[PDB]
Every structure is written in C-alpha cells, then in structure tokens.
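K.L.:
here is my input; please provide its structure:
(chains A, B, C and D)
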Amino acid sequence: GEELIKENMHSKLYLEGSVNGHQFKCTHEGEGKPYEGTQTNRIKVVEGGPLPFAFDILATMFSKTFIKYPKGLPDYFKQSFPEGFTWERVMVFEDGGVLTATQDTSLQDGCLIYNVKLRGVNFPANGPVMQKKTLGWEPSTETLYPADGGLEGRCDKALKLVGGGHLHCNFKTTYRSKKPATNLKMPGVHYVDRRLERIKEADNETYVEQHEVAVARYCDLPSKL
Amino acid sequence: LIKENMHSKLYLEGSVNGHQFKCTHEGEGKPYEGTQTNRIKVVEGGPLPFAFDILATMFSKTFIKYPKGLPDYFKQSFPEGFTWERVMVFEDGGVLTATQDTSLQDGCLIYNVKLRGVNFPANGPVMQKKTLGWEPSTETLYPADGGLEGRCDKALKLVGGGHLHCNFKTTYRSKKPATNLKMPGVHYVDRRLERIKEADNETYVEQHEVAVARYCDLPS
Amino acid sequence: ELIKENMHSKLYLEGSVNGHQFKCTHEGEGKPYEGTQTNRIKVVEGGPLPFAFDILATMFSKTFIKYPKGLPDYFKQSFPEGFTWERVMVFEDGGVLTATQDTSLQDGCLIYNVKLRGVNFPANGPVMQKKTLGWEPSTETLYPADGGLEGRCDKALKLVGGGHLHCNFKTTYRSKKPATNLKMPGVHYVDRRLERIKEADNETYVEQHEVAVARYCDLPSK
Amino acid sequence: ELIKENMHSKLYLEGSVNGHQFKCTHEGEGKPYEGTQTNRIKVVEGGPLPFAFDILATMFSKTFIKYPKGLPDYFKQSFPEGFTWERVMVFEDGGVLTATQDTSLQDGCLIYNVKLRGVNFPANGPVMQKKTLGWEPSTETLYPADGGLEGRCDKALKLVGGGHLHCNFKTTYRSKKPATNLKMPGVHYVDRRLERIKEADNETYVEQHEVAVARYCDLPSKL
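P.N.:
Residues are numbered from 1 along each chain as shown, chains lettered A, B, ... in the order given. Take a look at the structure below.
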C-alpha cells in the first residue's frame, strides 16, 4: 500500500459539474512528489467553456495522496491502495452558495484516477463568484477527525476578493477508504496545512494550472498532562 | 397546454453518502386542483441504505392550485417549462443539493433530477432508516429578478416520537423570456405530501401531494 | 380564564447589538381571541440606534394569537403563571441574535421582560446601513416537544432597492405552569402580518401592529 | 507593550444558557510572551449548572498569545485603553451562544468583563446531558477587517462514547484605541490547546490552562 505509491506519481481526472444551472465537464493532467507533499496539475474545460462563474470555487476538486505525512502519523490515503478511496464534500459560502461533490480515487498503471461529480447551487447572481471577482484562496488548515473508519475534515477557508477583503467558505468532507478498516491503521486527530495557488490561466479560465503543497501534523504544542 | 388531467415521467440519478442510485416515476394528476399521485421505483442502487423520505420532494410544481388573482409562474412557463435547484440542510448536518428540469413533450410532463447528498451522520435517523414521513408545510415564494426563490422549514417525523428538522432553499427558473410572464408577488404554498404505499424495502413507493397557493389573507 | 377579550401589555427590553447598548419599553393593547394588537414602543436609552429597528420588531406577545376551536392554545392556558421564550435569529449575511423573554400577568396586565444579544452584523449589510423596510408576512410552524413548543420560521426583510434579507428563526416556548395542567396542541401553524404603523425621531418611537391566526393543516388527507 | 513578563487577570462573567441564569469569576496568572496561562474559575451563582461547563471554556484571554517577531500583536499594541471581543458559537446540534467581552488594564492587572446568552441547546444532547470531555486543540485564522480582526475557528468537543461535537466560532476583535497608533497583522493563525487541570464540587470550581502561539503560514509559495 505504501509500496505502491511512488516518489513521483501522476494523476488523470475526469469531472462532471453543474453550477447555478450551467452544466460543464473538465479533465486534468497532474504530477507530484507525494511524500514531499507537492503537486502541479494542468486543467482543461472540455465542455461548457467559457464558465460564467469564478473557477476558484472548483480549485479544490482537483488530491489527497500528495500530503506529506511524517513518521508516526498514519497516512489513511496511501494505506488505502490498491483499492483507493473516496471523498464527499460540502462547501458552504457565507453568501449562500453551496457546493457538494463526490470524488472517486483509484489507481491504474501507476497513474491515479479521479472521478469527480459535483453540483453547485444558490450562488447569488450579483456576488463575487458569479461576478468573477475572486483572486484565489488563502492557505488553510484542515482538521481531520477519525469517525466510523473514515475521516471527517473541517476547514474554514477564505477566497480573496478584488478591492481586498475575503469571501468565507466552510468545508466539511468525509474521506472513506475502500479497503476494510480492519486492514487499516487509523491516525488520531491531526491537521493538514495547505497552500494552493493558481500558477497559469488561459482562454478565459478554460485552461488552469494549479500547484498544491500539503503537510500533515499532530498538534506540536506542550500539554500539561 | 396544461390540461385538467396531466401525466408525468421522471428519471432521477443520485448519490447519498457515496451510495449511488437511480429512480423513475410515472405520475398522474390534477394540475388545477393541486393534486397528484406518483408511483416511484428505485431501479439502480436499491435497496437503499437510507430513508427514502429524504428524496420524497425530488419527485412537481405544475400541480399547485393557483387562485385566480395570483399568477402561476409554472403553468405560465409552458411550452418551454422550467427548472429548479435546491439545497436541503438537515439539522444533524446532512446536505442534499438537487437540480431539475421540467419539460413538456407530446402531452407528457418530463422530469429530470440529478442530486447529490453528503455528510449524513451514520447513526443518523436518515441512515438508520428511522423516519416516518414529512409533516405538512408552507413554502414562501419570493420573486427575485425573473425567478422565484422558495424557503421552507420542514420536519421529518421520527421512530420514537420526535422530529428531524430540515431547511429548504430553492430557486425556480422559467425557461420562457421574463417579458412573457406575469410575475407573482410574494406568496405561500401550503402542502401535504404523504406516502400511500411502499413495497420491497422502499424500492417501490407511491406518493400523493396536495398543494394550494395563496396570498397572505390577513388584513392590513 | 384570565385572558380577557381586551388586554393591555407592558414591556421592558435590554439589548446589545454589535456592542451598542440600549433599552426599550412599550405599552400595548389588543384583542387576544381576535389575534390583534398594537404596541407603542420607545427607545428610552441608547438611541438613536446605529442599526435598523426592524430587527427588534419581533421582540415585542404570543398571548394575542387567534386559536380556533379544538386547537389548544398553549399560551393562554399557561396563566396565571405565564411562559418564557428563547429565540435565535440567524440572518443570511452573518448577523445572529439570541433573545429571551418572560411573560407574566400582574393585576390583569401582561408583563414582558426581554434580554438580547446581537453580534456579527456586517458593517456594509442592510441592517447596519439602515436599508430595511419592514418584514414580509410569515407562517411559523410550532412542534410539541417535551412539555414546550419549538417554533420554526423563515422570514424576510424588505430592502431599499427591492429585494429581501432572509432570516431564520428558532424559538423555544416553555410554560411556567406544569405541563400536565395543560392540553398540548399537535403540530400547527401561525400566520402573521406585523407592520410598522407610525414612527418618529430617528426610529426611537415606533408603533407596530400584529395580526396572528393559528390553524391546523386544512388540506385533505390519504 | 505595558504587558509584563508575568501578568494576572480577574474576571467577572454573567450569563444565561437555555434560560438558566448564572455568574462566574476567575483569578488568573500567566506569561504573555510564551503565550501561557492558568485560570481558577468559580461559579458564584447558579451552581451547579445544568449544562456542560466546557461550553464556557473559551469565555475566560487574548493578550496571552505568543507572537513571533515580525507578526504584529494587535492585543499587546491595544493598551492601555484596551480591547473587546464579540463572539458567536454555533454547535452542530443547534446550541448557539453569543457573548461579548471587555479587556482593560487597571493598575498592574488585567480586567475581563463577559456577558453571554445561550439558547436552543437540545435537552437530550451532550451539553445538557453532560457527556463532554474537553476541547480538542484548535487553530484560529485571524483576518484584518476595518482595523479590527475577524477570527474564524472550527472547534470540537470530545464526547462520551468517543465521538466529537463540532462548533463553529466567529469572533470580532476590536481595539479600544485608533489607527495608526498601531500596526496591523496580515492573515495569520493562532494554535491553541485548552486543558481542564482540576475540577471540584460538580463543576462549580475549575482550573484551565491555555497555551496559544501565533504564526504566519510557514509553507513554500510558488508565486
């Protein structure tokens, strides 16, 4: 399972979304150092382009294998191979936009395969997302909690706005291996710090190039117990 | 165009907590009486590991009784029909989004639902199949540049005696140009959705809805 | 029964919204069995307020609901000892209000004491920018729960410019009379129309009128 | 600033949760530049409480955060005419607490005043049934806004039987003194561990230790 994810790994994705009515589809092509926690992947909007909303809200649909897990904090995601794993997410924007996606991860030919299917609705016509007034996400810390053999993630994220300020978004994810969790080693409560940046945009966001660095940790601070 | 008797057909794809499924329905009703019954099959992914009640409202806005002075946004929209899109937020954290297309094809109402549900607690009246249908409800409809926005607090009755509350937000959007629709003011739709019959671990379900629109009749 | 066809009410309210402190009082009258009342409200300390008074409108009387025959009136049965309510209002743009009240009866006058705390009201939103024009009429749903009633209500403020600011209400109503001395209603609905009738001096004098009528679901069944 | 190696606090709190009025005070001591402190909390009135004390844990100290050099400390610059916070806490089972706080400095000593109001905590849920086992460690993201700060914090209470109960926190932090008499931080994080050390007499007496350390995002930026 460890011995299967490799010091350089590749991802191909297929995606199928609808946001405020607008159907679309995307693919991507990706690579990174999983054990160093880094990846970059190139995204296309194969159908539905150009999109009438800020691409940024989709940014986090495109990779939980590429988290740097230190020795002695179990990697739920790498362990889950060769079967793979699946996440379920709800994103709730402070202005009423709501997004829900289910993603399917798996491996084939030493190449990671993501199937995404998402559904966005109730985004205000006048608001920064439907106005394309977003300038990318702030770094974030996700807390992962073990629960029923899965992990539940929580994350308060914030999208940067033109003029300054931020649009806030709450994330709630459920991560579920497809191995039996009797064949797994669960971590405790732990934290994943990230910074996801757009590094290239083209043809009105129908081509987008993204980099993530993700590092996991236990809470380092001294107890009194 | 919308006759005093109308038939509907429904195809539905969904996913709830990663469990994928499909349904279809054949429905019959009285668009101007505000009544209908429809016969639902789960045809992939059944039997379902959660209460089918949470999908009840996925399965018909053309069947609301609109009194004479109160413009009917749904019946007006034909022949080109309308769409809706909804979020349901349960008080225990489960969230469903859903999108719907309503069209009119050679006399029949055709419905197409895609939905996606996540974060339902595992234990968990929804996931432990401990629900006993919805209470009657009142939806408030607000015009909102050219579409309607609905707001509704609903509650599922529970095995044991309580209620699981759920907050609905929906956006109704006519495919017709807005200039060809008289827009209603703010109004209310009182409903009672009931389960008539179920068989084979909720893989077959019959539902009946009655639904009557009104202005606020209180004086001023 | 101690609820007459005509009753008066007296209110004292103490409040903090985004850290701005204030107090109100009111004297009101209405017709309990017809479902109508008028309250004359003063902002007696901390005025004029830096926020839309409209958010406070629903803080000012459940005894005045018209209950039809065979729908138990939880609030009128609660006397002589009365009842309390606790409410959370969550606005769609982040404002949140918690509030609690006491309703009692002294010398046949209804007496309301209200405490409230409101926070996180955005500086550029319609509440703080004073852009609201009153509430839409509404339906509150009431559910029996372990001796009390849980109320649920999605509401909306009209805005300058035409749209609405939505608000979510969750209230718990608890009788001060032991519960087996009351007949509880099943699940039911309260239709309302609350309106501002007059105002003066930068929104520091307000009069409001409520009509409220309860009903069971009237639609046919099976 | 005027905040010494060692500092004490006294605190007075009054509030209502699901109708139940109470009042609290703490005496306190700690080290503000290594961001640690202990607080000995007394339920003077309304004891014992029908609800879990844990839900008040965070009501009881923003100057005791360790800020590294190069990240402005809003709270230490915000003195002598100090600062305030207004918080909303939304538990996933429906409990909602609002609360507001005053932080002033009067002759060697930190003064805390808190008023809170909690409603809609379900009667059969862990808070009213007292099935909680403390808070998990947390991180707060703090954003500049109008020369104030907005804190956002997903937090979790350990439960009996092993689950968690989650609670969303939103807090506005506002200095009582103007700008510029003060430098603003950028978007930054505070990592925290709150621990109950000692409990007595059905939760009427309680000792809390907090370690709080701020940082910027430490990760590589490709832009």
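
K.L.:
CA only for contacts and neighbour counts going forward, please
P.N.:
Will do.

K.L.:
chain A: strands as residue ranges?
P.N.:
A:9-19, A:22-33, A:38-47, A:85-93, A:98-108, A:111-121, A:134-137, A:140-147, A:150-161, A:166-177, A:190-202, A:207-217 (DSSP state E).

K.L.:
quick one: the third one to strand A:22-33, angle?
P.N.:
Right, the one you point to is strand A:38-47. Put simply, strand A:38-47 runs at 160 degrees to strand A:22-33, going by axes from the mean of the first three to the mean of the last three C-alpha atoms, to 10 degrees.

K.L.:
which positions within strand A:38-47 qualify as buried?
P.N.:
The neighbour-count check on strand A:38-47 (16 or more other C-alpha atoms under 10 Å in any protein chain shown) flags A:38-46 as buried.

K.L.:
the residue of chain A found nearest chain B: how many residues sit nearby?
P.N.:
Chain B sits closest to residue A:88 of chain A, with a gap of 6.0 Å, by C-alpha to the nearest C-alpha. Around residue A:88 there are 24 other residues, counting by other C-alpha atoms under 10 Å in any protein chain shown.

K.L.:
surely it and residue A:175 touch.
P.N.:
Yes: Residue A:88 lies in contact with residue A:175 (C-alpha atoms under 8 Å); the separation is 6.6 Å.

K.L.:
what's the distance between the closest residue to residue A:192 other than its chain neighbours and residue A:144?
P.N.:
Distance criterion C-alpha to C-alpha, 6 or more residues apart in numbering or on different chains; nearest residue to residue A:192, sequence neighbours excluded, is residue A:216 at 4.2 Å. According to C-alpha to C-alpha, to the nearest Å, residue A:216 stands 10 Å off from residue A:144.

K.L.:
what sits in contact with each of the two?
P.N.:
A:190-192 (C-alpha atoms under 8 Å, 6 or more residues apart in numbering or on different chains).

K.L.:
out of the residues you listed, which is most surrounded?
P.N.:
Ranking these using other C-alpha under 10 Å puts residue A:191 first, with 21 neighbours.

K.L.:
list the residues that contact it.
P.N.:
So residue A:191 contacts A:141-144, A:216-219 (C-alpha under 8 Å, 6+ apart).

K.L.:
how does it look with 10 Å?
P.N.:
A:141-145, A:153-155, A:215-219, D:138-139 (C-alpha atoms under 10 Å, 6 or more residues apart in numbering or on different chains).

K.L.:
tell me, how many neighbours does the nearest residue to it once chain neighbours are set aside end up with?
P.N.:
Excluding the flanking residues, the one nearest residue A:191 by C-alpha to C-alpha, 6+ apart is residue A:143, at 4.6 Å. Neighbour count for residue A:143, taken as other C-alpha under 10 Å: 26.

K.L.:
please apply the same query to residue A:223.
P.N.:
Neighbours of residue A:223 (other C-alpha under 10 Å): 12.

K.L.:
same thing with residue A:162?
P.N.:
For residue A:162, the count of nearby residues is 11 (other C-alpha under 10 Å).

K.L.:
got the phi/psi numbers for the residue nearest to it when sequence neighbours are not counted?
P.N.:
Of all residues not flanking residue A:162 in the chain, residue A:133 sits nearest, at 5.6 Å (C-alpha to C-alpha, 6+ apart). Backbone torsions of residue A:133, given as degrees, to the nearest 10, read phi -120, psi 20.

K.L.:
cool, thanks, talk later.
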